[PDB]
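Numbering of the sequence shown is given in our numbering, commencing with residue 16 and proceeding in unit increments.
Note that CB positions come from ideal geometry on N, CA and C, so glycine has one too.
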Amino acid sequence: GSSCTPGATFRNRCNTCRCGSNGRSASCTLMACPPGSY
């Protein structure tokens with residue numbers, strides 16, 4: 016599960032990610048995700 020759809024958004028807990036063109040990396044926000052944030 017070291018993969019995503021290249022160029023697509025996903026949510027990781029409270030943080031929103033965009034999959035890299037290689038689909039083996041994501042640029043994500045770095046917010047802490049305390050209970051009820053997601």
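| Item | Value |
| --- | --- |
| For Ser42, which residues does DSSP report across the bridge? | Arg33 |
| Nearest CA to the CA of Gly22: which residue from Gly16, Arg33, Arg39? | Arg33 |
| Less than 7 Å between the C-beta atoms of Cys43 and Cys29, yes or no? | no |
| Using a Cβ-Cβ cut-off of 8 Å (strictly less than) and excluding sequence neighbours within five positions of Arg26, which residues of its own chain qualify? | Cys32, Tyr53 |
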